[PDB]
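Just below is one structure, and these are the notes that go with it.
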Amino acid sequence: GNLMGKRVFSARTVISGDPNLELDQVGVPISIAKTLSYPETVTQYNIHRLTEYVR
Amino acid sequence: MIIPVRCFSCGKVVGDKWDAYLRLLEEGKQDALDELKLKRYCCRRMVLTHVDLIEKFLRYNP
Amino acid sequence: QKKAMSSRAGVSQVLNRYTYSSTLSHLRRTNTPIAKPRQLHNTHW
Amino acid sequence: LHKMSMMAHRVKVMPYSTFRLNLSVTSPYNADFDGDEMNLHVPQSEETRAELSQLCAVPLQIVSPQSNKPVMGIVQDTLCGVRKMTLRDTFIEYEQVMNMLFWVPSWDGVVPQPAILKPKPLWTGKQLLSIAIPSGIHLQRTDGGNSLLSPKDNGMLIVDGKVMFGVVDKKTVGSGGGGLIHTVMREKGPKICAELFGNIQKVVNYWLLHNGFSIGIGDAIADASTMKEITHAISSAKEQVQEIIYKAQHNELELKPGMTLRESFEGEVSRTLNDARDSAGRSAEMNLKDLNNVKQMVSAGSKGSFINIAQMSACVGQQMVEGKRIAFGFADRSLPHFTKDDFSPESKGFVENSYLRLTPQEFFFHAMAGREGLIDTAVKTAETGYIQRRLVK
Amino acid sequence: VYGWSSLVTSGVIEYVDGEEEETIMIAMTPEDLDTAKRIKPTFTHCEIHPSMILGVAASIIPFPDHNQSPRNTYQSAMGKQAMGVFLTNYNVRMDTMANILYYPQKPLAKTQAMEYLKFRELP
Amino acid sequence: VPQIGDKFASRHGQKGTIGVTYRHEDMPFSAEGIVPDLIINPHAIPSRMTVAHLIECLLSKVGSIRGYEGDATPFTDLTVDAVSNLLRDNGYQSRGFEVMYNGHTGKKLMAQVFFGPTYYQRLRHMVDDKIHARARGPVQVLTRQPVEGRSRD
Amino acid sequence: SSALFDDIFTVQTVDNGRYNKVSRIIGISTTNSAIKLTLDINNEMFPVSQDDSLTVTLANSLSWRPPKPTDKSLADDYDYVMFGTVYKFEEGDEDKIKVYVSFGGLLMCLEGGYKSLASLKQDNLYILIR
Amino acid sequence: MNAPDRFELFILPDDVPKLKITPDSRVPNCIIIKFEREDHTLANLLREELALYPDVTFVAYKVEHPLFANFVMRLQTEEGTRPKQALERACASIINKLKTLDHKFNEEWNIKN
Amino acid sequence: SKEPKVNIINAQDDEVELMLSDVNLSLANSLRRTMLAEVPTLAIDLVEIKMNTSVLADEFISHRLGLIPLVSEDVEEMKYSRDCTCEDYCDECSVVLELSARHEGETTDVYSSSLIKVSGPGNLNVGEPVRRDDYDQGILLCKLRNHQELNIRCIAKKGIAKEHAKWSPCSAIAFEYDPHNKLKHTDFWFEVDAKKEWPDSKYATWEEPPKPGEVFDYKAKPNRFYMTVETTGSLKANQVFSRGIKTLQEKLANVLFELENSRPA
Ligand SMILES: [Zn+2]
Ligand SMILES: [Zn+2]
């Protein structure tokens with residue numbers, strides 16, 4: 001119950017297909033994207049963009 | 001639960017038409033819709049299907 | 001109650017109130033403590 | 001329960017409260033939109049991500065190892081319509097042949113020479129639909145009466161990545177073996193083929209948006225005389241039963257080795273009603289023109305089959321539980337509305353009516369029959385899962 | 001002054017349990033017992049009406065005699081999950097969760113049975 | 001308010017959720033003006049087999065025009081052949097189908113459609129009561145793993 | 001930039017196997033008694049019944065420009081001009097040949113044996129009729 | 001909950017031009033015009049009047065996706081003739097056609113009782 | 001006079017049948033929808049309820065009033081609250097209304113007629129509870145019993161059908177063309193005979209029948225469209241056509257204007 005499988009940066013809602021999305025995409029509700037994050041280390045390639053995203 | 005202003009489907013107003021209808025029945029004993037000017041079924045169904053609950057709600061006290 | 005849970009839970013529930021036809025249905029309901037019983041028998045007509 | 005029940009997708013933030021997934025990637029998860037929900041997980045390391053994109057990307061998954069064939073094809077609308085658009089009768093004029101080429105993103109920016117110039121310069125689906133197929137894609141088919149000039153426009157032949165002849169449907173663009181998809185994956189790669197969907201889609205879905213398509217009771221009604229020709233295929237079938245019942249209620253029949261005199265009685269009644277029912281439907285099947293929408297949705301291969309039409313326009317069928325026609329729950333009878341010992345079909349559960357038209361009796365048996373169905377779909381559901389689980393551990 | 005109590009006190013109708021049922025013969029359509037309608041195939045009793053073998057659920061389903069039975073069985077469940085009006089006093093009720101459809105509407109097509117399911121007044 | 005995801009259904013196990021929402025212009029239409037409130041797919045008919053659904057529509061398209069209540073009640077003496085004749089007296093195709101012009105271009109639809117008033121129940125289960133997303137939230141005590149249920153985050 | 005075929009045939013028959021707007025017709029040649037012709041066609045744009053005198057042509061020549069060529073070449077001195085490609089090159093016994101032409105969806109077959117240096121194996125191909 | 005504010009179907013948002021014109025590399029003398037806060041109402045109308053200037057070699061348009069009210073218009077013309085112009089012209093021809101219409105509908109009306 | 005041409009058929013106050021010929025369908029349709037969705041109107045938008053003992057809830061009534069049709073004659077000489085330099089609203093861009101309803105007559109009704117126009121109309125046709133009702137109180141807002149009160153305060157604003165349906169003054173619009181399928185923009189469904197099974201349209205009489213002997217004409221295009229423009233009030237059926245014809249034009253304008261603003265640089 002707790003080891004071979006646990007609840008885990010995850011989200012779930014209702015699906016409805018969209019005929020204008022590349023096969024491999026998956027439209028995510030803004031709401032959700034504004035909730036789930038991603039630890040990206042600061043690097044002189046993305047500092048500029050990150051300092052913006054942060055502001 | 002009161003009459004629906006304007007028909008969902010097409011948009012034509014229909015708030016006023018309630019009393020006219022519920023009247024052309026009781027008295028003139030009547031088609032009603034047709035004369036009330038409710039042509040295509042979209043608005044037709046609007047009136048012909050309303051179940052005026054507000055009446056019963058109104059039967060409550062304070 | 002007591003150290004007697006050796007009873008049956010289900011008897012008496014929380015009356016539905018989603019819709020009218022919901023409530024009616026709920027009252028006219030039957031249970032059956034636990035491939036043949038689930039069947040719609042003739043006698044059921 | 002699949003390697004494909006989980007796949008890595010490109011994120012697209014969009015409005016409205018719902019996960020918007022592509023249709024062709026429907027059957028892998030096996031979802032529909034009647035309320036179904038989906039779980040999403042987010043990688044966290046730089047490699048975690050990579051591991052997700054280099055092995056779990058949806059494009060890599062197109063060819064399923066379990067059945068060495070793809071596992072995602074073109075469903076519903078896109079399929080159904082791709083069929084129409086293909087017929088020799090389907091023609092499109094400049095105004096649209098343009099807005100169609102525009103929707104293909106990879107479009108080289110070159111309008112192909114019209115399949116017709118004489119009076120009006122027109123094109124055919126087969127032509128434009130082909131602008132979606134990459135160069136070097138060679139496909140050959142052969143159905144029934146199929147030969148390098150497919151009369152009934154059967155088979156399928158695509159050379160250099162241009163549809164030469166034949167109509168396109170489930171067989172040519174489904175999650176099947178020869179599958180143009182199966183081939184484009186193998187010949188071009190995960191990527192190229194993965195894009196192929198969207199295109200074949202975008203063109204077709206768009207086209208359908210304008211050509212329209214529907215279904216209504218009208219698609220389920222049988223010719224004036226056919227509805228008769230059938231009735232009497234049940235009457236006669238009824239007597240070929242009354243007949244063997246008379247010939248049984250006289251002991252005038254021998255026991256087929258290994259079977260009981262009684263059992264052998266059923267064995268025929270069953271084989272009589274079944275063959276009756278079988279053509280009952282078949283009369284209507286050929287009675288539904290190349291315009292019947294329901295037929296169309298069956299040829300395209302996007303929904304339902306013969307059986308379906310049958311039970312809706314002809315005869316519903318015989319009902320059954322535990323393998324034998326509606327039992328005698330009531331001592332020697334089906335319902336209290338019946339005379340004892342009635343072994344006939346109108347008693348044992350044979351619904352002679354069509355959905356378009358059932359009688360109480362028919363309607364009931366039918367229920368008892370379906371009831372058995374619903375049963376295991378609600379039992380085999382988790383016992384199957386156990387057997388699964390074991391194989392795993 | 002002519003209830004159901006009299007329809008019974010005159011031997012015009014009987015209460016048949018499942019057991020007693022076994023030894024009676026019931027006629028469907030009281031009367032009877034066109035190339036369109038459905039083909040129809042000692043009596044002691046007749047059926048008040050076949051459309052009475054249904055319970056609350058199906059009673060609201062239009063032409064349940066025209067759908068694949070397993071489907072009727074589904075709608076038989078979703079109904080207990082639609083919106084409407086569950087009472088009129090609702091405006092004086094302090095219950096957790098309750099939903100009222102802004103504007104109801106009795107159906108364009110109905111079951112004669114709906115008449116006892118007050119459905120027309122509580123769609 | 002109904003939203004691009006909320007679930008609905010008729011009285012025929014014909015359940016479905018919202019995929020998008022268009023307006024009047026964008027919507028396909030019929031000469032009369034009449035436009036659909038709902039557009040369900042022809043594909044949910046062939047294998048579902050629920051035909052009465054198809055019938056309730058026809059009947060109800062008449063009861064719409066006639067003002068008379070349309071009986072759908074079980075085993076009665078009403079037929080598809082009959083209703084169709086009643087619908088021809090009013091003006092539209094004897095089978096329901098109507099001509100429609102594609103809301104984007106105005107050009108007619110090469111096909112005809114089964115356009116007709118049908119009852120639809122708005123089942124509970126709206127998206128915004130389910131949509132849930134978490135990233136490091138309330139942790140359990142004994143385990144120290146996350147906690148269960150979207151309600152408790 | 002030359003022609004590759006010229007010959008008048010006679011409609012042996014016209015077939016519409018379930019096609020409201022197209023018919024596959026066949027007809028023999030008036031010169032040799034070896035040349036047959038099988039061709040699908042738009043009955044809507046160019047009607048045709050059994051027993052007609054049509055002149056069939058081929059060849060390659062006079063993106064795709066709209067009209068404007070009102071003041072340009074017009075190798076359209078006919079009343080039906082399709083473009084397509086030919087696929088298989090079959091040999092029906094003897095030294096009799098037969099090339100198969102498909103026009104973006106419209107099939108065709110030719111038979112005989114005297115374009116041993118005229119009918120090429122390219123995609124190019126314009127059909128003409130009058 | 002997640003749906004935009006209605007007024008996003010016509011109002012340009014923070015620094016955004018109705019038009020954005022980009023050259024197309026796929027083929028010579030071609031362009032793709034991004035129209036912001038618009039639809040078929042205006043798209044298809046512009047698309048149409050361009051297959052009218054038989055000087056326009058190509059003209060199709062499209063709505064990338066329905067959630068967003070935008071649309072792309074691709075145009076290609078004859079030699080040394082700039083499409084942008086053909087867009088102007090075919091665009092002007094449109095107003096006139098309507099200018100006439102407005103008028104022809106007004107005198108017409110007055111004659112009613 | 002010039003290009004496209006009209007030929008009005010029976011026309012009234014709440015309709016305007018007419019034939020529009022010599023135009024591309026493409027363009028007819030465009031105008032079609034423009035009426036349906038983008039003509040400036042005037043509807044209540046903000047509702048400040050003070051007291052309300054009605055059985056209906058706040059936002060339920062709020063909805064109702066959003067739909068009540070207001071005058072929109074000189075709607076064009078008013079500004080969108082978004083462009084007006086006033087914090088919130090004012091006479092120069094809005095119309096304020098009052099509504100008081102005390103239950104006295106021991107079932108008292110609330111008709112749209114019962115609305116006051118507290119702000120300064122500045123002398124321009126607008127902000128009036130469009131009544132077409134026979135008696136003189138069009139649109140029953142709602143009913144109330146004994147001592148149930150109800151005090152509001154509405155604020156109307158410009159806006160269009162895109163922003164909300166409560167705006168578009170159209171409300172249903174007929175459109176047909178080539179009643180005799182000559183252009184073959186359709187494939188009739190049928191069991192035996194399309195022609196007999198498919199209703200002939202009342203529009204078939206202003207165009208000539210098919211005529212068998214003729215082959216299929218191809219070079220022919222969609223010309224002439226039989227319409228009908230119904231109105232809900234706010235704007236006169238005639239204007240709901242004119243203004244439409246014009247807004248579409250204003251748009252076609254900026255597409256040419258916006259163009260210019262991009263040449264200098
Ligand atoms: Zn209406
Ligand atoms: Zn102001």
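Following the order of the structure tokens, chains are lettered A, B, ..., residues in each are numbered from 1, and ligands are numbered from 1.
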Please return as a short mmCIF file (atom, residue, chain, number, x, y, z; two decimals) with C-alpha atoms, in the first residue's frame the residues found within 6 Å of ligand 2, counting only C-alpha atoms and all ligand atoms.
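Below is the file pocket14.cif, written as the result:
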data_model
loop_
_atom_site.label_atom_id
_atom_site.label_comp_id
_atom_site.auth_asym_id
_atom_site.auth_seq_id
_atom_site.Cartn_x
_atom_site.Cartn_y
_atom_site.Cartn_z
CA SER I 81 -16.88 52.76 -20.14
CA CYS I 84 -14.29 57.20 -20.90
CA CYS I 86 -14.05 58.67 -15.60
CA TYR I 89 -18.93 55.41 -14.81
CA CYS I 90 -20.92 58.55 -15.63
CA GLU I 92 -21.22 60.47 -20.63
CA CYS I 93 -21.00 56.67 -20.88
#
Inset, instruction - Considering only C-alpha atoms, return as a ChimeraX atom specification whatever protein or nucleic-acid residues lie within 10 Å of residue 28 (chain I), sequence-local ones (same chain, fewer than 6 positions apart) excluded. - result: /F:105-106 /H:45 /I:20-22,175,223-225,227,245
Inset, instruction - Would you mind telling me which residue in E:95, E:65, E:32, E:17 lies nearest to chain D when using only C-alpha atoms? - result: E:65
Legend entry - Distance filter 6 Å around ligand 1, atoms: only C-alpha atoms and all ligand atoms, out as a PyMOL selection string: chain B and resi 7+9-12+42-43
Inset, instruction - Looking only at strand (DSSP E) from DSSP on the backbone, list the matching residues of region 34-239 of chain D as a list in words. - result: residues 37, 38, 39, 40, 41, 63, 64, 69, 70, 91, 92, 93, 122, 123, 124, 139, 140, 157, 158, 159, 162, 163, 164 and 165 of chain D
Take the residues just selected and output them with N, CA, C and O atoms as an mmCIF file, in the first residue's frame.
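Result file is selection-v7.cif:
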data_model
loop_
_atom_site.group_PDB
_atom_site.id
_atom_site.type_symbol
_atom_site.label_atom_id
_atom_site.label_comp_id
_atom_site.auth_asym_id
_atom_site.auth_seq_id
_atom_site.Cartn_x
_atom_site.Cartn_y
_atom_site.Cartn_z
ATOM 1 N N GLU D 37 -11.294 11.062 -16.168
ATOM 2 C CA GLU D 37 -10.248 11.940 -15.611
ATOM 3 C C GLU D 37 -8.821 11.408 -15.909
ATOM 4 O O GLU D 37 -8.636 10.218 -16.164
ATOM 5 N N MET D 38 -7.820 12.283 -15.874
ATOM 6 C CA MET D 38 -6.449 11.870 -16.163
ATOM 7 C C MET D 38 -5.414 12.376 -15.164
ATOM 8 O O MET D 38 -5.476 13.520 -14.733
ATOM 9 N N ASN D 39 -4.454 11.536 -14.797
ATOM 10 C CA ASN D 39 -3.410 11.954 -13.863
ATOM 11 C C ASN D 39 -2.203 12.476 -14.648
ATOM 12 O O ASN D 39 -1.853 11.932 -15.705
ATOM 13 N N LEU D 40 -1.571 13.529 -14.140
ATOM 14 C CA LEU D 40 -0.383 14.087 -14.780
ATOM 15 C C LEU D 40 0.763 14.203 -13.760
ATOM 16 O O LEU D 40 0.553 14.672 -12.636
ATOM 17 N N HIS D 41 1.964 13.783 -14.140
ATOM 18 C CA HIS D 41 3.116 13.871 -13.242
ATOM 19 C C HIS D 41 4.170 14.758 -13.887
ATOM 20 O O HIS D 41 4.282 14.807 -15.110
ATOM 21 N N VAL D 63 4.459 2.173 -32.312
ATOM 22 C CA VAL D 63 4.433 0.778 -32.709
ATOM 23 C C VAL D 63 4.516 -0.079 -31.417
ATOM 24 O O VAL D 63 5.557 -0.145 -30.745
ATOM 25 N N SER D 64 3.396 -0.706 -31.054
ATOM 26 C CA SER D 64 3.315 -1.509 -29.830
ATOM 27 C C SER D 64 3.963 -2.876 -29.878
ATOM 28 O O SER D 64 3.563 -3.736 -30.663
ATOM 29 N N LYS D 69 2.480 -4.193 -33.992
ATOM 30 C CA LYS D 69 1.752 -3.349 -34.933
ATOM 31 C C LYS D 69 1.512 -2.025 -34.202
ATOM 32 O O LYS D 69 1.614 -1.958 -32.976
ATOM 33 N N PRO D 70 1.209 -0.956 -34.940
ATOM 34 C CA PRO D 70 0.978 0.306 -34.235
ATOM 35 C C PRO D 70 -0.133 0.110 -33.197
ATOM 36 O O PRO D 70 -0.644 -1.001 -33.052
ATOM 37 N N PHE D 91 -15.054 15.940 -55.226
ATOM 38 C CA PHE D 91 -14.255 16.967 -55.881
ATOM 39 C C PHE D 91 -14.313 18.294 -55.142
ATOM 40 O O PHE D 91 -15.334 18.650 -54.540
ATOM 41 N N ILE D 92 -13.193 19.011 -55.202
ATOM 42 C CA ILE D 92 -13.029 20.296 -54.532
ATOM 43 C C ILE D 92 -12.468 21.336 -55.489
ATOM 44 O O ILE D 92 -11.577 21.038 -56.285
ATOM 45 N N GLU D 93 -12.989 22.557 -55.400
ATOM 46 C CA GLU D 93 -12.532 23.626 -56.270
ATOM 47 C C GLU D 93 -11.492 24.505 -55.601
ATOM 48 O O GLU D 93 -11.372 24.527 -54.375
ATOM 49 N N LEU D 122 -10.810 21.329 -61.194
ATOM 50 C CA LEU D 122 -11.071 20.731 -59.881
ATOM 51 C C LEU D 122 -9.971 19.781 -59.402
ATOM 52 O O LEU D 122 -9.045 19.434 -60.146
ATOM 53 N N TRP D 123 -10.092 19.377 -58.139
ATOM 54 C CA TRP D 123 -9.168 18.445 -57.508
ATOM 55 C C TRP D 123 -10.023 17.403 -56.813
ATOM 56 O O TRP D 123 -11.240 17.579 -56.678
ATOM 57 N N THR D 124 -9.394 16.309 -56.395
ATOM 58 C CA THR D 124 -10.115 15.259 -55.694
ATOM 59 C C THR D 124 -9.424 15.026 -54.364
ATOM 60 O O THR D 124 -8.218 15.259 -54.224
ATOM 61 N N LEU D 139 2.811 2.207 -50.779
ATOM 62 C CA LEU D 139 1.861 1.283 -50.188
ATOM 63 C C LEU D 139 1.044 0.550 -51.243
ATOM 64 O O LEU D 139 0.571 1.167 -52.199
ATOM 65 N N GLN D 140 0.899 -0.768 -51.061
ATOM 66 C CA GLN D 140 0.134 -1.650 -51.964
ATOM 67 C C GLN D 140 -0.875 -2.481 -51.174
ATOM 68 O O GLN D 140 -0.559 -2.959 -50.088
ATOM 69 N N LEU D 157 -3.193 1.877 -53.259
ATOM 70 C CA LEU D 157 -1.878 1.952 -53.844
ATOM 71 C C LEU D 157 -1.369 3.360 -53.735
ATOM 72 O O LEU D 157 -1.959 4.296 -54.273
ATOM 73 N N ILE D 158 -0.266 3.508 -53.024
ATOM 74 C CA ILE D 158 0.326 4.814 -52.867
ATOM 75 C C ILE D 158 1.771 4.678 -53.274
ATOM 76 O O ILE D 158 2.499 3.861 -52.716
ATOM 77 N N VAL D 159 2.172 5.453 -54.273
ATOM 78 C CA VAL D 159 3.552 5.429 -54.714
ATOM 79 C C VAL D 159 4.119 6.831 -54.504
ATOM 80 O O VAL D 159 3.374 7.812 -54.488
ATOM 81 N N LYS D 162 1.959 9.530 -52.867
ATOM 82 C CA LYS D 162 0.768 10.098 -53.514
ATOM 83 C C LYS D 162 -0.229 8.952 -53.699
ATOM 84 O O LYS D 162 0.114 7.900 -54.240
ATOM 85 N N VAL D 163 -1.455 9.147 -53.227
ATOM 86 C CA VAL D 163 -2.472 8.110 -53.344
ATOM 87 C C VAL D 163 -2.783 7.919 -54.819
ATOM 88 O O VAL D 163 -3.193 8.868 -55.504
ATOM 89 N N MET D 164 -2.571 6.705 -55.314
ATOM 90 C CA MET D 164 -2.834 6.407 -56.716
ATOM 91 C C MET D 164 -4.252 5.930 -56.907
ATOM 92 O O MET D 164 -4.984 6.459 -57.746
ATOM 93 N N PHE D 165 -4.641 4.926 -56.130
ATOM 94 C CA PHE D 165 -5.990 4.410 -56.247
ATOM 95 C C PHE D 165 -6.502 3.667 -55.025
ATOM 96 O O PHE D 165 -5.732 3.111 -54.245
#
